[PDB]
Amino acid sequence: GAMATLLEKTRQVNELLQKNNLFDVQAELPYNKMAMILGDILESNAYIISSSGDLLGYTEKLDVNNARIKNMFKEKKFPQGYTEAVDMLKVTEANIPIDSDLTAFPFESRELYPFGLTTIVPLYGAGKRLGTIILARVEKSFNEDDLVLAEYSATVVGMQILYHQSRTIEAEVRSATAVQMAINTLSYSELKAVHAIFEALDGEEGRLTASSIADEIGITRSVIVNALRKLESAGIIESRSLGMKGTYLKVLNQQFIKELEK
């Protein structure tokens, strides 16, 4: 039955994607396996795009009988602006024809697959946009059965993404709060000093002559140094004394500069 068929597919999705962790560390794309499962169950080509527009994984059915080794290693790339455009879609769009710029088919293929259809499914979970799932079928349309399964699949993918994010979050906030406290522990004296330090110390890593720079900024010569010992003891940079040459520094938290240029 249509409903029994749909149900069994949702069960297959559950067994394969809800009851397993599918983040492939060291894969070409971390979610290629997840995309493959989705494309199989949904009988589609499938692409998983992060909330920032990065392709996280995809599956395209290979034409085995006509395969050519030269063509098999080509990386799928979406046209300039496609990932930003899909992000503007806030609800599912189904059966997008190939003449739309939202088609998942390369634009060269518009002639080859005039009836190719694309369905774009925003991934929302817990109020957040988590990315987007894109499905493409050369021949069949997406019916209402397919849309339910697609929406079901998006939530399962959303959970995988939310779970992967959770494993990172502890180390992320530890570093952000550290940057924030180090920024707070600064005066105008040391801060505009720090600003110029990263300016001269271009590349994030390089040598520095704190004394010389002091003149460049019109800041007291002890004040310049106070920012240094604060940041390094706070744990954001590394230093070794070069003697007359100066002191050589190393940026250890790269999100710092983003917070200071804000």
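One-based numbering along the sequence shown.
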Higher average CA B factor in the deposited record is what I'm after, so tell me if that's 200 to 208 or 48 to 56. 200 to 208
Which is higher on average in the deposited entry, the C-alpha temperature factors of 89 to 97 or of 103 to 111? 103 to 111
Out of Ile213, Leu29, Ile37, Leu62, highest CA B-factor residue: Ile213
Can you tell me whether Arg129 has a C-alpha B-factor in the lowest, middle or highest third compared with the other modelled residues of the same chain? middle
CA B-factor placement of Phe73, once the chain's modelled residues are sorted into thirds: middle
For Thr119, does the deposited CA B-factor place it in the lowest, middle or highest third of the chain? lowest
Would you please rank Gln160 by its C-alpha temperature factor against the other modelled residues of its chain and give the third it falls in: lowest, middle or highest? lowest
Is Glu190 in the lowest, middle or highest third of its chain when residues are ranked by C-alpha B-factor? highest
